[PDB]
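Undergrad: So here's structure.cif, just mmCIF, C-alpha atoms and all ligand atoms; chains and numbers go by the auth columns:
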data_data
loop_
_atom_site.group_PDB
_atom_site.id
_atom_site.type_symbol
_atom_site.label_atom_id
_atom_site.label_comp_id
_atom_site.label_asym_id
_atom_site.label_seq_id
_atom_site.Cartn_x
_atom_site.Cartn_y
_atom_site.Cartn_z
_atom_site.B_iso_or_equiv
_atom_site.auth_seq_id
_atom_site.auth_asym_id
ATOM 1 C CA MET A 1 91.687 22.471 69.028 0.00 1 A
ATOM 2 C CA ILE A 2 89.310 20.779 66.622 0.00 2 A
ATOM 3 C CA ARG A 3 89.911 22.280 63.180 0.00 3 A
ATOM 4 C CA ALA A 4 88.179 19.669 60.986 0.00 4 A
ATOM 5 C CA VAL A 5 84.996 17.560 61.025 0.00 5 A
ATOM 6 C CA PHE A 6 84.681 14.549 58.679 0.00 6 A
ATOM 7 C CA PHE A 7 81.460 12.702 57.884 0.00 7 A
ATOM 8 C CA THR A 8 80.761 9.403 56.160 0.00 8 A
ATOM 9 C CA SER A 9 77.793 9.164 53.744 0.00 9 A
ATOM 10 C CA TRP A 10 75.348 6.316 54.330 0.00 10 A
ATOM 11 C CA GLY A 11 73.505 6.560 57.614 0.00 11 A
ATOM 12 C CA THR A 12 75.257 9.864 58.365 0.00 12 A
ATOM 13 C CA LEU A 13 74.183 12.146 55.514 0.00 13 A
ATOM 14 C CA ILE A 14 72.049 9.969 53.252 0.00 14 A
ATOM 15 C CA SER A 15 69.380 7.918 54.928 0.00 15 A
ATOM 16 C CA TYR A 16 69.293 4.151 54.637 0.00 16 A
ATOM 17 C CA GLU A 17 65.688 4.418 53.455 0.00 17 A
ATOM 18 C CA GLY A 18 66.945 6.736 50.718 0.00 18 A
ATOM 19 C CA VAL A 19 69.693 4.294 49.714 0.00 19 A
ATOM 20 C CA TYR A 20 67.109 1.494 49.665 0.00 20 A
ATOM 21 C CA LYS A 21 64.867 3.582 47.398 0.00 21 A
ATOM 22 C CA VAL A 22 67.685 4.160 44.908 0.00 22 A
ATOM 23 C CA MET A 23 68.521 0.453 44.831 0.00 23 A
ATOM 24 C CA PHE A 24 64.857 -0.551 44.539 0.00 24 A
ATOM 25 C CA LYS A 25 64.369 1.748 41.565 0.00 25 A
ATOM 26 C CA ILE A 26 67.486 0.291 39.918 0.00 26 A
ATOM 27 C CA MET A 27 66.077 -3.228 40.373 0.00 27 A
ATOM 28 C CA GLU A 28 62.721 -2.182 38.925 0.00 28 A
ATOM 29 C CA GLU A 29 64.444 -0.692 35.875 0.00 29 A
ATOM 30 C CA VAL A 30 66.620 -3.768 35.342 0.00 30 A
ATOM 31 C CA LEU A 31 63.645 -6.126 35.610 0.00 31 A
ATOM 32 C CA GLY A 32 61.175 -4.262 33.383 0.00 32 A
ATOM 33 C CA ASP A 33 58.254 -6.665 32.955 0.00 33 A
ATOM 34 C CA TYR A 34 60.153 -9.761 34.122 0.00 34 A
ATOM 35 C CA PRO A 35 57.953 -11.619 36.640 0.00 35 A
ATOM 36 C CA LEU A 36 60.227 -11.242 39.698 0.00 36 A
ATOM 37 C CA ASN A 37 59.331 -9.059 42.662 0.00 37 A
ATOM 38 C CA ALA A 38 61.826 -6.210 42.757 0.00 38 A
ATOM 39 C CA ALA A 39 62.008 -6.220 46.556 0.00 39 A
ATOM 40 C CA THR A 40 63.128 -9.857 46.425 0.00 40 A
ATOM 41 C CA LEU A 41 65.828 -9.040 43.897 0.00 41 A
ATOM 42 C CA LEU A 42 66.886 -6.065 46.045 0.00 42 A
ATOM 43 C CA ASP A 43 67.399 -8.253 49.087 0.00 43 A
ATOM 44 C CA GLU A 44 69.737 -10.543 47.196 0.00 44 A
ATOM 45 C CA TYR A 45 71.556 -7.633 45.551 0.00 45 A
ATOM 46 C CA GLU A 46 72.134 -6.030 48.965 0.00 46 A
ATOM 47 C CA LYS A 47 73.415 -9.321 50.363 0.00 47 A
ATOM 48 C CA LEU A 48 75.889 -9.815 47.524 0.00 48 A
ATOM 49 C CA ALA A 49 77.006 -6.191 47.467 0.00 49 A
ATOM 50 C CA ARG A 50 77.522 -6.252 51.261 0.00 50 A
ATOM 51 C CA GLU A 51 79.545 -9.457 50.976 0.00 51 A
ATOM 52 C CA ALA A 52 81.849 -7.932 48.334 0.00 52 A
ATOM 53 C CA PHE A 53 82.355 -4.659 50.233 0.00 53 A
ATOM 54 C CA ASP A 54 83.080 -6.562 53.444 0.00 54 A
ATOM 55 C CA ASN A 55 85.558 -8.844 51.703 0.00 55 A
ATOM 56 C CA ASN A 56 87.377 -5.808 50.284 0.00 56 A
ATOM 57 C CA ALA A 57 87.478 -3.915 53.559 0.00 57 A
ATOM 58 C CA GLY A 58 90.943 -2.556 54.326 0.00 58 A
ATOM 59 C CA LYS A 59 92.402 -3.843 51.051 0.00 59 A
ATOM 60 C CA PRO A 60 93.504 -2.091 47.869 0.00 60 A
ATOM 61 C CA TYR A 61 90.624 -0.382 46.102 0.00 61 A
ATOM 62 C CA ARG A 62 88.568 -2.455 43.699 0.00 62 A
ATOM 63 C CA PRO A 63 86.621 -0.618 40.976 0.00 63 A
ATOM 64 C CA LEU A 64 83.013 -0.363 41.992 0.00 64 A
ATOM 65 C CA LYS A 65 81.671 -0.714 38.455 0.00 65 A
ATOM 66 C CA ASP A 66 83.219 -4.189 38.245 0.00 66 A
ATOM 67 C CA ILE A 67 81.809 -5.231 41.633 0.00 67 A
ATOM 68 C CA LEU A 68 78.265 -4.239 40.700 0.00 68 A
ATOM 69 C CA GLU A 69 78.588 -5.915 37.279 0.00 69 A
ATOM 70 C CA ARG A 70 79.689 -9.169 38.909 0.00 70 A
ATOM 71 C CA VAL A 71 76.801 -8.983 41.386 0.00 71 A
ATOM 72 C CA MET A 72 74.255 -8.349 38.639 0.00 72 A
ATOM 73 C CA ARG A 73 75.661 -11.153 36.445 0.00 73 A
ATOM 74 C CA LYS A 74 75.172 -13.561 39.373 0.00 74 A
ATOM 75 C CA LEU A 75 71.603 -12.342 39.894 0.00 75 A
ATOM 76 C CA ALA A 76 70.726 -12.580 36.191 0.00 76 A
ATOM 77 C CA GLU A 77 72.018 -16.186 36.117 0.00 77 A
ATOM 78 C CA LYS A 78 70.161 -17.041 39.348 0.00 78 A
ATOM 79 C CA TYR A 79 66.765 -15.600 38.446 0.00 79 A
ATOM 80 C CA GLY A 80 66.831 -15.903 34.648 0.00 80 A
ATOM 81 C CA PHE A 81 66.402 -12.304 33.458 0.00 81 A
ATOM 82 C CA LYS A 82 68.648 -10.866 30.735 0.00 82 A
ATOM 83 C CA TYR A 83 71.704 -9.068 32.032 0.00 83 A
ATOM 84 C CA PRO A 84 71.053 -5.318 31.625 0.00 84 A
ATOM 85 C CA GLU A 85 73.091 -3.266 29.207 0.00 85 A
ATOM 86 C CA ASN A 86 74.308 0.115 30.509 0.00 86 A
ATOM 87 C CA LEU A 87 73.985 -0.896 34.128 0.00 87 A
ATOM 88 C CA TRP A 88 76.310 1.935 35.128 0.00 88 A
ATOM 89 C CA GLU A 89 74.095 4.550 33.483 0.00 89 A
ATOM 90 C CA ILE A 90 71.096 3.109 35.317 0.00 90 A
ATOM 91 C CA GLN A 91 73.007 3.480 38.592 0.00 91 A
ATOM 92 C CA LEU A 92 73.920 7.081 37.845 0.00 92 A
ATOM 93 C CA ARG A 93 70.421 8.058 36.728 0.00 93 A
ATOM 94 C CA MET A 94 68.727 6.545 39.756 0.00 94 A
ATOM 95 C CA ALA A 95 71.249 8.200 42.099 0.00 95 A
ATOM 96 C CA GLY A 96 70.416 11.435 40.330 0.00 96 A
ATOM 97 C CA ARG A 97 66.715 11.067 41.028 0.00 97 A
ATOM 98 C CA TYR A 98 66.188 9.277 44.325 0.00 98 A
ATOM 99 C CA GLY A 99 67.391 9.354 47.887 0.00 99 A
ATOM 100 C CA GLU A 100 67.043 11.680 50.818 0.00 100 A
ATOM 101 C CA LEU A 101 69.117 13.361 53.501 0.00 101 A
ATOM 102 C CA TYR A 102 68.491 13.129 57.223 0.00 102 A
ATOM 103 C CA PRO A 103 66.509 16.224 58.168 0.00 103 A
ATOM 104 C CA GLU A 104 69.272 17.990 60.130 0.00 104 A
ATOM 105 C CA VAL A 105 72.068 17.489 57.591 0.00 105 A
ATOM 106 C CA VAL A 106 71.938 20.730 55.594 0.00 106 A
ATOM 107 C CA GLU A 107 71.655 22.928 58.683 0.00 107 A
ATOM 108 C CA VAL A 108 74.503 21.188 60.464 0.00 108 A
ATOM 109 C CA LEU A 109 76.870 21.261 57.496 0.00 109 A
ATOM 110 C CA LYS A 110 76.189 24.982 56.976 0.00 110 A
ATOM 111 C CA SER A 111 76.712 25.727 60.673 0.00 111 A
ATOM 112 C CA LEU A 112 80.075 24.003 60.728 0.00 112 A
ATOM 113 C CA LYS A 113 81.373 25.129 57.375 0.00 113 A
ATOM 114 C CA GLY A 114 82.040 28.684 58.573 0.00 114 A
ATOM 115 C CA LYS A 115 84.252 27.593 61.494 0.00 115 A
ATOM 116 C CA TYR A 116 85.810 24.188 60.608 0.00 116 A
ATOM 117 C CA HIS A 117 87.088 22.314 57.555 0.00 117 A
ATOM 118 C CA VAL A 118 84.034 20.138 56.714 0.00 118 A
ATOM 119 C CA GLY A 119 84.900 16.951 54.873 0.00 119 A
ATOM 120 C CA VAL A 120 83.210 13.813 53.599 0.00 120 A
ATOM 121 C CA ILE A 121 84.839 10.411 53.280 0.00 121 A
ATOM 122 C CA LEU A 122 83.386 8.035 50.633 0.00 122 A
ATOM 123 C CA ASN A 123 84.225 4.353 50.502 0.00 123 A
ATOM 124 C CA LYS A 124 82.538 2.993 47.417 0.00 124 A
ATOM 125 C CA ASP A 125 84.195 5.021 44.644 0.00 125 A
ATOM 126 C CA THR A 126 84.590 8.602 43.402 0.00 126 A
ATOM 127 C CA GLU A 127 82.132 8.928 40.510 0.00 127 A
ATOM 128 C CA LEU A 128 78.868 7.390 41.749 0.00 128 A
ATOM 129 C CA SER A 129 79.384 8.354 45.373 0.00 129 A
ATOM 130 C CA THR A 130 80.048 11.986 44.501 0.00 130 A
ATOM 131 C CA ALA A 131 77.228 12.032 41.954 0.00 131 A
ATOM 132 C CA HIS A 132 74.764 11.056 44.699 0.00 132 A
ATOM 133 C CA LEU A 133 75.902 13.914 46.954 0.00 133 A
ATOM 134 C CA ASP A 134 75.659 16.345 44.019 0.00 134 A
ATOM 135 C CA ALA A 135 72.128 15.187 43.233 0.00 135 A
ATOM 136 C CA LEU A 136 71.117 15.660 46.901 0.00 136 A
ATOM 137 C CA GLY A 137 72.516 19.190 46.703 0.00 137 A
ATOM 138 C CA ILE A 138 75.357 19.018 49.255 0.00 138 A
ATOM 139 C CA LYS A 139 78.501 18.360 47.181 0.00 139 A
ATOM 140 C CA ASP A 140 79.622 21.986 47.370 0.00 140 A
ATOM 141 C CA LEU A 141 78.997 22.321 51.127 0.00 141 A
ATOM 142 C CA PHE A 142 82.145 20.249 51.656 0.00 142 A
ATOM 143 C CA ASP A 143 85.609 21.721 51.915 0.00 143 A
ATOM 144 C CA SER A 144 86.921 18.280 50.926 0.00 144 A
ATOM 145 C CA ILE A 145 85.646 15.023 49.436 0.00 145 A
ATOM 146 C CA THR A 146 87.987 12.065 49.907 0.00 146 A
ATOM 147 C CA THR A 147 87.429 8.588 48.457 0.00 147 A
ATOM 148 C CA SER A 148 88.835 5.076 48.590 0.00 148 A
ATOM 149 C CA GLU A 149 89.436 5.342 44.819 0.00 149 A
ATOM 150 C CA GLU A 150 91.682 8.355 45.423 0.00 150 A
ATOM 151 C CA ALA A 151 93.513 6.904 48.417 0.00 151 A
ATOM 152 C CA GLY A 152 93.935 3.474 46.811 0.00 152 A
ATOM 153 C CA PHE A 153 92.496 1.547 49.798 0.00 153 A
ATOM 154 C CA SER A 154 89.123 1.190 51.493 0.00 154 A
ATOM 155 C CA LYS A 155 88.201 1.786 55.119 0.00 155 A
ATOM 156 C CA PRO A 156 89.524 0.976 57.662 0.00 156 A
ATOM 157 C CA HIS A 157 92.906 1.160 55.938 0.00 157 A
ATOM 158 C CA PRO A 158 94.718 4.291 57.210 0.00 158 A
ATOM 159 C CA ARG A 159 95.435 5.756 53.789 0.00 159 A
ATOM 160 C CA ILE A 160 91.899 7.062 53.261 0.00 160 A
ATOM 161 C CA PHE A 161 91.988 8.907 56.562 0.00 161 A
ATOM 162 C CA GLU A 162 95.557 10.098 55.978 0.00 162 A
ATOM 163 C CA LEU A 163 94.448 11.622 52.685 0.00 163 A
ATOM 164 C CA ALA A 164 91.413 13.322 54.228 0.00 164 A
ATOM 165 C CA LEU A 165 93.601 14.859 56.930 0.00 165 A
ATOM 166 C CA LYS A 166 96.080 16.107 54.321 0.00 166 A
ATOM 167 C CA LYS A 167 93.259 17.820 52.434 0.00 167 A
ATOM 168 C CA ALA A 168 92.337 19.591 55.705 0.00 168 A
ATOM 169 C CA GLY A 169 95.984 20.404 56.446 0.00 169 A
ATOM 170 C CA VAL A 170 95.995 19.040 60.029 0.00 170 A
ATOM 171 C CA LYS A 171 97.002 15.979 61.985 0.00 171 A
ATOM 172 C CA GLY A 172 94.406 13.591 63.397 0.00 172 A
ATOM 173 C CA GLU A 173 94.338 15.140 66.855 0.00 173 A
ATOM 174 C CA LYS A 174 92.695 18.271 65.345 0.00 174 A
ATOM 175 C CA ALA A 175 89.827 16.354 63.717 0.00 175 A
ATOM 176 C CA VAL A 176 86.680 14.428 64.497 0.00 176 A
ATOM 177 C CA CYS A 177 85.179 11.670 62.342 0.00 177 A
ATOM 178 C CA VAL A 178 81.445 10.864 62.404 0.00 178 A
ATOM 179 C CA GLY A 179 80.046 7.592 61.035 0.00 179 A
ATOM 180 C CA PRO A 180 77.831 4.603 61.860 0.00 180 A
ATOM 181 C CA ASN A 181 80.381 1.789 61.584 0.00 181 A
ATOM 182 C CA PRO A 182 82.285 1.015 64.796 0.00 182 A
ATOM 183 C CA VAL A 183 85.133 -0.761 62.959 0.00 183 A
ATOM 184 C CA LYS A 184 85.376 1.059 59.632 0.00 184 A
ATOM 185 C CA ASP A 185 84.680 4.590 60.964 0.00 185 A
ATOM 186 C CA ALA A 186 85.387 4.839 64.697 0.00 186 A
ATOM 187 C CA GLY A 187 88.251 2.350 64.754 0.00 187 A
ATOM 188 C CA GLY A 188 89.581 3.508 61.411 0.00 188 A
ATOM 189 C CA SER A 189 89.665 7.207 62.304 0.00 189 A
ATOM 190 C CA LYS A 190 91.106 6.612 65.779 0.00 190 A
ATOM 191 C CA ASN A 191 94.026 4.793 64.142 0.00 191 A
ATOM 192 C CA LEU A 192 95.051 8.229 62.777 0.00 192 A
ATOM 193 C CA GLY A 193 94.551 9.973 66.104 0.00 193 A
ATOM 194 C CA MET A 194 91.166 11.475 65.342 0.00 194 A
ATOM 195 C CA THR A 195 88.374 11.860 67.854 0.00 195 A
ATOM 196 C CA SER A 196 85.830 9.198 66.895 0.00 196 A
ATOM 197 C CA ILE A 197 82.091 9.843 67.007 0.00 197 A
ATOM 198 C CA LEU A 198 79.800 6.817 66.521 0.00 198 A
ATOM 199 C CA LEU A 199 76.443 7.717 65.042 0.00 199 A
ATOM 200 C CA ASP A 200 73.718 5.511 66.581 0.00 200 A
ATOM 201 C CA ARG A 201 70.519 7.086 65.358 0.00 201 A
ATOM 202 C CA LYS A 202 68.236 4.356 66.737 0.00 202 A
ATOM 203 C CA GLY A 203 70.137 3.650 69.955 0.00 203 A
ATOM 204 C CA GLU A 204 70.704 0.098 68.750 0.00 204 A
ATOM 205 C CA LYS A 205 74.502 -0.193 68.931 0.00 205 A
ATOM 206 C CA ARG A 206 75.262 0.005 72.687 0.00 206 A
ATOM 207 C CA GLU A 207 77.475 -3.097 72.455 0.00 207 A
ATOM 208 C CA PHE A 208 79.850 -1.076 70.235 0.00 208 A
ATOM 209 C CA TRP A 209 79.786 2.274 72.074 0.00 209 A
ATOM 210 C CA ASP A 210 83.142 1.423 73.654 0.00 210 A
ATOM 211 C CA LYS A 211 84.752 1.567 70.178 0.00 211 A
ATOM 212 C CA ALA A 212 84.249 5.362 69.957 0.00 212 A
ATOM 213 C CA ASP A 213 85.132 8.448 71.988 0.00 213 A
ATOM 214 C CA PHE A 214 81.582 9.876 71.727 0.00 214 A
ATOM 215 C CA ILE A 215 78.165 8.552 70.670 0.00 215 A
ATOM 216 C CA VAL A 216 75.438 10.665 69.118 0.00 216 A
ATOM 217 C CA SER A 217 71.959 10.036 67.797 0.00 217 A
ATOM 218 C CA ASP A 218 71.940 12.875 65.237 0.00 218 A
ATOM 219 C CA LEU A 219 74.299 15.358 63.691 0.00 219 A
ATOM 220 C CA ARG A 220 73.144 18.317 65.811 0.00 220 A
ATOM 221 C CA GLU A 221 75.002 16.716 68.719 0.00 221 A
ATOM 222 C CA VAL A 222 78.252 16.839 66.748 0.00 222 A
ATOM 223 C CA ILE A 223 78.228 20.636 66.870 0.00 223 A
ATOM 224 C CA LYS A 224 77.794 20.500 70.632 0.00 224 A
ATOM 225 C CA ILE A 225 80.691 18.060 71.026 0.00 225 A
ATOM 226 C CA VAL A 226 83.090 20.088 68.917 0.00 226 A
ATOM 227 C CA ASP A 227 82.054 23.323 70.665 0.00 227 A
ATOM 228 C CA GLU A 228 82.673 21.607 73.998 0.00 228 A
ATOM 229 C CA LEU A 229 86.091 20.309 72.951 0.00 229 A
ATOM 230 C CA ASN A 230 87.031 23.841 71.773 0.00 230 A
ATOM 231 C CA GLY A 231 85.479 25.811 74.673 0.00 231 A
ATOM 232 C CA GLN A 232 87.995 24.390 77.095 0.00 232 A
ATOM 233 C CA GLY A 233 89.521 27.182 79.192 0.00 233 A
ATOM 234 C CA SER A 234 87.137 30.109 78.458 0.00 234 A
ATOM 235 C CA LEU A 235 84.738 31.725 80.925 0.00 235 A
ATOM 236 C CA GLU A 236 81.617 30.513 79.047 0.00 236 A
ATOM 237 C CA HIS A 237 82.409 26.773 79.152 0.00 237 A
ATOM 238 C CA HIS A 238 83.138 27.205 82.895 0.00 238 A
HETATM 239 NA NA NA B . 85.013 25.390 56.247 0.00 301 A
HETATM 240 NA NA NA B . 86.823 27.953 55.422 0.00 302 A
HETATM 241 NA NA NA B . 85.220 6.550 40.529 0.00 303 A
HETATM 242 NA NA NA B . 83.646 4.380 39.708 0.00 304 A
HETATM 243 NA NA NA B . 92.993 3.559 59.848 0.00 305 A
#
Now, as a test, write the supplied structure out as structure tokens.
TA:
Amino acid sequence: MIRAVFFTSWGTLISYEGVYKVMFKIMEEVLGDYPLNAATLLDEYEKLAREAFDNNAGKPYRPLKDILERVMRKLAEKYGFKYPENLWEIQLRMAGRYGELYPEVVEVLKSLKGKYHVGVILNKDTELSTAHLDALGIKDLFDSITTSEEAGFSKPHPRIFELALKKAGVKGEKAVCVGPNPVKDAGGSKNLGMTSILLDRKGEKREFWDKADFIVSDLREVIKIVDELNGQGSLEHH
């Protein structure tokens, strides 16, 4: 029986275009009138942030605030603008203002919440990652929020998934995990015995479909999958 459904954040709940918007608005605020195109700065920020996250994958948690400070110091030295004071407050304010959910998210979370433990797993940190969900209005729809900062390790290390399962009170076989990353999400959750669901919203990841138990293009399909897994043996499923 599936008793719990876990979701990641980026590309699952919060759209990539929404994440891009937040980061673009941060770059614009940092630059002020400095004569650098903010989209150009954004591309380099994304590259450096991605490189740091990927290097930390599966390792003990590293404070996000320090990562973003190191990235921005590199960018300020590269491009010649003054390093911004209160960078963290800029991050929090822009996360409070910008971003968007995929259009089916609220409906799906509400449909599941009545029948399953609905959890979110966050890899960047606790504070900023939770603040973004709160600003988008979905923080309280979750029965649990579990982060790499709380577990002490980032995906795909097992501890983050172990902690999420403890919050739900079940072993991995009673849970599904939905996310876009075949290694960090599908592989990571399957290591704890969960049923892995790869989210491929654009149908562009076929070469990684073998890394998951199920593939979906939107979150409405998750409800169907869990209902199917739980309808085994009744007269309706038959
Ligand atoms: Na629930
Ligand atoms: Na409940
Ligand atoms: Na935190
Ligand atoms: Na933090
Ligand atoms: Na794992």
Undergrad: List the spatial neighbours of range 60-66 of chain A as a ChimeraX atom specification - criterion: any atom at most 7 Å away, all atoms listed in the file, same-chain residues fewer than 5 positions off excluded.
TA: /A:88,124-125,148-149,152-154
Undergrad: The selected residues should be written to file as a PDB file, keeping the file's coordinate frame (atoms: C-alpha atoms).
TA:
ATOM      1  CA  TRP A  88      76.310   1.935  35.128  1.00  0.00           C
ATOM      2  CA  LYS A 124      82.538   2.993  47.417  1.00  0.00           C
ATOM      3  CA  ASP A 125      84.195   5.021  44.644  1.00  0.00           C
ATOM      4  CA  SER A 148      88.835   5.076  48.590  1.00  0.00           C
ATOM      5  CA  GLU A 149      89.436   5.342  44.819  1.00  0.00           C
ATOM      6  CA  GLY A 152      93.935   3.474  46.811  1.00  0.00           C
ATOM      7  CA  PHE A 153      92.496   1.547  49.798  1.00  0.00           C
ATOM      8  CA  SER A 154      89.123   1.190  51.493  1.00  0.00           C
TER       9      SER A 154
END
Undergrad: Could you tell me how far CA of residue 201 in chain A sits from CA of residue 111 in chain A, in Å to one decimal place?
TA: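 Atom-to-atom, CA of residue 111 in chain A and CA of residue 201 in chain A are spaced 20.2 Å apart.
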Undergrad: In terms of the shortest atom-to-atom distance over all atoms listed in the file, which of A:174, A:205, A:115, A:238 is closest to ligand NA 301 (chain A)?
TA: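 Using all atoms listed in the file, ligand NA 301 (chain A) sits closest to A:115.
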Undergrad: Run the PyMOL selection byres (((not hetatm)) within 7 of (chain A and resi 305)) against the file shown and list the residues it catches, as a PDB file with C-alpha atoms, in the coordinates of the input.
TA:
ATOM      1  CA  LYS A 155      88.201   1.786  55.119  1.00  0.00           C
ATOM      2  CA  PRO A 156      89.524   0.976  57.662  1.00  0.00           C
ATOM      3  CA  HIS A 157      92.906   1.160  55.938  1.00  0.00           C
ATOM      4  CA  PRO A 158      94.718   4.291  57.210  1.00  0.00           C
ATOM      5  CA  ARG A 159      95.435   5.756  53.789  1.00  0.00           C
ATOM      6  CA  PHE A 161      91.988   8.907  56.562  1.00  0.00           C
ATOM      7  CA  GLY A 187      88.251   2.350  64.754  1.00  0.00           C
ATOM      8  CA  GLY A 188      89.581   3.508  61.411  1.00  0.00           C
ATOM      9  CA  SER A 189      89.665   7.207  62.304  1.00  0.00           C
ATOM     10  CA  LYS A 190      91.106   6.612  65.779  1.00  0.00           C
ATOM     11  CA  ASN A 191      94.026   4.793  64.142  1.00  0.00           C
ATOM     12  CA  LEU A 192      95.051   8.229  62.777  1.00  0.00           C
TER      13      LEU A 192
END
Undergrad: Find the spatial neighbours of residue 72 in chain A, counting all atoms listed in the file, within a cut-off of 9 Å - ignore same-chain residues fewer than 2 positions away - and output them as a list in words.
TA: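 Counting all atoms listed in the file, the residues come to residues 45, 67, 68, 69, 70, 74, 75, 76, 77, 83, 84 and 87 of chain A.
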Undergrad: Which polymer residues, protein or nucleic acid, are no farther than 8 Å from (78.7, 6.1, 60.2), counting all atoms listed in the file, as a list in words?
TA: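 Nearby residues: residues 7, 8, 9, 10, 11, 12, 178, 179, 180, 181, 182, 185, 198 and 199 of chain A.
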Undergrad: Name every residue that the PyMOL selection byres (((chain A and resi 22-24) around 10) and not hetatm) selects in this structure, writing the answer as a PyMOL selection string with chains first and numbers rising.
TA: chain A and resi 16-21+25-30+38-43+45-46+91-100+132
Undergrad: Nearest to residue 73 in chain A: which of A:51, A:207, A:236, A:85 is it, counting all atoms listed in the file?
TA: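 Result for the nearest residue to residue 73 in chain A: A:85.
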Undergrad: From the set A:183, A:229, A:112, A:101, which residue has the shortest atom-to-atom contact distance to residue 134 in chain A, counting all atoms listed in the file?
TA: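 Looking only at the distances to residue 134 in chain A, the closest residue turns out to be A:101.
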Undergrad: Show me which residues line ligand NA 302 (chain A), defined as having an atom within 7 Å of a ligand atom where all atoms listed in the file count, and present them as a PDB file with C-alpha atoms, in the coordinates of the input.
TA:
ATOM      1  CA  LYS A 113      81.373  25.129  57.375  1.00  0.00           C
ATOM      2  CA  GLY A 114      82.040  28.684  58.573  1.00  0.00           C
ATOM      3  CA  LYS A 115      84.252  27.593  61.494  1.00  0.00           C
ATOM      4  CA  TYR A 116      85.810  24.188  60.608  1.00  0.00           C
ATOM      5  CA  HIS A 117      87.088  22.314  57.555  1.00  0.00           C
TER       6      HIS A 117
END
Undergrad: Write out as a list in words which residues come within 8 Å of residue 108 in chain A when counting all atoms listed in the file, dropping same-chain ones fewer than 5 positions away.
TA: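 Here the answer would be residues 219, 220 and 223 of chain A.
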Undergrad: Write out as a PyMOL selection string each polymer residue whose atoms come within 12 Å of residue 120 in chain A, counting all atoms listed in the file; drop sequence neighbours fewer than 4 positions from it.
TA: chain A and resi 4-10+12-14+109+126+129-130+133+138-148+160-161+163-165+167-168+176-179+185
Undergrad: Rounded to one decimal in Å, what is the spacing between CA of residue 31 in chain A and CA of residue 81 in chain A?
TA: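 These two atoms are separated by 7.1 Å.
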Undergrad: Excluding same-chain residues fewer than 5 positions from residue 237 in chain A, what lies within 9 Å of it counting all atoms listed in the file, as a compact mmCIF listing (two decimals) with C-alpha atoms, in the coordinates of the input?
TA:
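Output below, filename around.txt:
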# COMPACT_ATOMS: atom_id res chain seq x y z
CA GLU A 228 82.67 21.61 74.00
CA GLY A 231 85.48 25.81 74.67
CA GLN A 232 88.00 24.39 77.10
Undergrad: Quick one: pull the distance between CA of residue 15 in chain A and CA of residue 137 in chain A, Å, one decimal.
TA: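 Going from CA of residue 15 in chain A over to CA of residue 137 in chain A covers 14.3 Å.
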Undergrad: Calculated over all atoms listed in the file, which of the candidates A:193, A:78, A:131, A:214 has the smallest distance to ligand NA 303 (chain A)?
TA: A:131
Undergrad: Using all atoms listed in the file, which of the listed residues (A:1, A:208, A:32, A:119) sits closest to ligand NA 301 (chain A)?
TA: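 The closest residue to ligand NA 301 (chain A) is A:119.
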Undergrad: Have a look at A:59, A:162, A:206, A:71 and name the one nearest to residue 47 in chain A; count only C-alpha atoms.
TA: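 Going through A:59, A:162, A:206, A:71 one by one, the smallest distance to residue 47 in chain A is for A:71.
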Undergrad: Axis-aligned box over every listed atom of range 220-229 of chain A, padded by 8 Å per side: centre and edges in Å to one decimal, as lines of an AutoDock Vina configuration file?
TA:
center_x = 79.6
center_y = 20.0
center_z = 69.9
size_x = 28.9
size_y = 22.6
size_z = 24.2
Undergrad: Please complete range 177-186 of chain A so it has N, CA and C atoms, and hand it over as a PDB file, in the coordinates of the input.
TA:
ATOM      1  N   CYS A 177      85.797  12.455  63.422  1.00  0.00           N
ATOM      2  CA  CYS A 177      85.179  11.670  62.342  1.00  0.00           C
ATOM      3  C   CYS A 177      83.864  11.088  62.836  1.00  0.00           C
ATOM      4  N   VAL A 178      82.793  11.312  62.072  1.00  0.00           N
ATOM      5  CA  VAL A 178      81.445  10.864  62.404  1.00  0.00           C
ATOM      6  C   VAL A 178      80.994   9.805  61.400  1.00  0.00           C
ATOM      7  N   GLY A 179      80.574   8.636  61.905  1.00  0.00           N
ATOM      8  CA  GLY A 179      80.046   7.592  61.035  1.00  0.00           C
ATOM      9  C   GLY A 179      79.370   6.508  61.852  1.00  0.00           C
ATOM     10  N   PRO A 180      78.602   5.653  61.173  1.00  0.00           N
ATOM     11  CA  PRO A 180      77.831   4.603  61.860  1.00  0.00           C
ATOM     12  C   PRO A 180      78.572   3.313  62.119  1.00  0.00           C
ATOM     13  N   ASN A 181      79.753   3.090  61.559  1.00  0.00           N
ATOM     14  CA  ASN A 181      80.381   1.789  61.584  1.00  0.00           C
ATOM     15  C   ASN A 181      81.455   1.766  62.663  1.00  0.00           C
ATOM     16  N   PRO A 182      81.293   0.974  63.712  1.00  0.00           N
ATOM     17  CA  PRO A 182      82.285   1.015  64.796  1.00  0.00           C
ATOM     18  C   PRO A 182      83.681   0.607  64.358  1.00  0.00           C
ATOM     19  N   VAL A 183      83.813  -0.324  63.421  1.00  0.00           N
ATOM     20  CA  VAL A 183      85.133  -0.761  62.959  1.00  0.00           C
ATOM     21  C   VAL A 183      85.677   0.149  61.866  1.00  0.00           C
ATOM     22  N   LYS A 184      84.883   0.340  60.805  1.00  0.00           N
ATOM     23  CA  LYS A 184      85.376   1.059  59.632  1.00  0.00           C
ATOM     24  C   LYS A 184      85.573   2.545  59.917  1.00  0.00           C
ATOM     25  N   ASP A 185      84.722   3.152  60.751  1.00  0.00           N
ATOM     26  CA  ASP A 185      84.680   4.590  60.964  1.00  0.00           C
ATOM     27  C   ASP A 185      85.327   4.982  62.292  1.00  0.00           C
ATOM     28  N   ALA A 186      84.804   4.473  63.407  1.00  0.00           N
ATOM     29  CA  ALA A 186      85.387   4.839  64.697  1.00  0.00           C
ATOM     30  C   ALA A 186      86.790   4.258  64.848  1.00  0.00           C
TER      31      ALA A 186
END
